[PDB]
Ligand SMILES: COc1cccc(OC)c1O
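Just the one chain here, laid out as structure tokens, in the form deposited without the ligand.
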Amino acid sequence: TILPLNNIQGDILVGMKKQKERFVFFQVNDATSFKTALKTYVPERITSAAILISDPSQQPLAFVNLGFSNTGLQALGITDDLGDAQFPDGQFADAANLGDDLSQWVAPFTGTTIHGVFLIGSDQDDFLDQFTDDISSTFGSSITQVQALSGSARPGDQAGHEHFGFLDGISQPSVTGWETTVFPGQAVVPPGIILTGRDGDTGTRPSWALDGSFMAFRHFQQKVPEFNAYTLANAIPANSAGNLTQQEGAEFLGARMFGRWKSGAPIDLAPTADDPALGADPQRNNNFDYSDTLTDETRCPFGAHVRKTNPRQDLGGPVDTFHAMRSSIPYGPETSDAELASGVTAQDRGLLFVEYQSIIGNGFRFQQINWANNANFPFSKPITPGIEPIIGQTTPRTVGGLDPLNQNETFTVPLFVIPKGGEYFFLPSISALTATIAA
């Protein structure tokens, strides 16, 4: 297979990787006028994977991709079943299954009023705003914007880090079917793990759904002073290398919860102290598989974030099925000294989370329910793994093994990541947008 890179929406396969991103959630008011606008809009603005891998001199000043919810497709008379079990009912109907406190969800996510999302990525706000205004102008009264969520990479040396302080976007699957760089320890999977209708996809897809993907969007609010206070209050006293100062023990506890230090250094490789050079080196920072720690937790807890969401050798060998692409962006202001000192969140900040897969139930949803929320996953371990401390939702939120020298000790972790809403979208191929959606 040769993937048609010019026909695949770029955020799916390559990722926008822009400093700013805006998600414009909309409802369709006038299907005919929307379709008319779509036919002029798509060829001019919708950014392919081929454009994203091009030299920056050949790229537009902002990228745009577009996805539709089930109700958006129905509003447009696009009635063929896409073959996914969760997509038709929408994410609000699935939120309880995910473990969400529904009382924290907010409009307009609390139902299926949202018909779709334009995602706009750019390296500065001006261009982001111009391309957002271009959507408003092009589509006019054919849509109503029901929400816009805007994110930004964190400043300075925190660029690429999420709000708890951890480098994000290190580990992604690589799909066959195109020419790209594969790093040591990176999973290589058939393209149909990500792209509907391609090899590896077992879902029943209409022919027009070829080279689309499903997005799981989640709006997470993060409680950063609370996270930091918890790590200080539960600082690990010592590890194999020796005693830790409280500050060292708090940093170590955060790394034990994630499975990586803030620098990106994976604890499986750097189990006692950060190695910032390792974290920054993509030739090394993914080259582990837990094979050195399958039946003990000294090198890595069984329930650490990255281990729960990608179990690697905990599954017994490579497995294609449950990999997914992520293109998330932080949002909100930096956490002040006063906020950190008080231990109490005073400002809205978090993660606009985006995960792509051909089968929602095998990617995002499997990682969430079967793995993160599952106290007995990974399976067949000598100590109960417990609930993933970052995004596991089961209560009590008890996780074992965080202290490598007292692995039977359990930690009951307050929830620091609050789901505020989300939706399941389908992003068609670029040709499908005009030949099918806008027909």
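Residue positions are given as counts along the sequence shown, with the first one as 1.
Separately, the form deposited with the ligand bound exists; it is not shown, and the next lines address it.
Colleague: Quick check on residue 278: any heavy atom within 4.5 Å of the ligand in the deposited bound form?
Modeller: Heavy-atom contact with the ligand at 4.5 Å: absent for residue 278.
Colleague: Taking any heavy atom pair closer than or equal to 4.5 Å as contact, tell me whether residue 185 reaches the ligand in the deposited bound form.
Modeller: Residue 185 belongs to the contact set for the ligand.
Colleague: Residue 310: heavy atom within 4.5 Å of the ligand in the deposited bound form?
Modeller: Yes.
Colleague: Indicate whether the ligand has at least one heavy atom within 4.5 Å of a heavy atom of residue 295 in the deposited bound form.
Modeller: Yes, residue 295 is a contact residue.
Colleague: Which one, 93, 341, 346, 315, lies within 4.5 Å of the ligand in the deposited bound form by heavy atoms?
Modeller: Going through each option in turn, the one that passes is 315.
Colleague: From the list 397, 381, 45, 35, which entry has a heavy atom within 4.5 Å of the ligand in the deposited bound form?
Modeller: Partner contact (heavy atom, 4.5 Å) among the options: 381.
Colleague: Of these, 143 to 151, 198 to 206, 75 to 83, 285 to 293, which stretch puts a heavy atom within 4.5 angstroms of the ligand in the deposited bound form?
Modeller: Comparing against the ligand in the deposited bound form, the contact stretch is 285 to 293.
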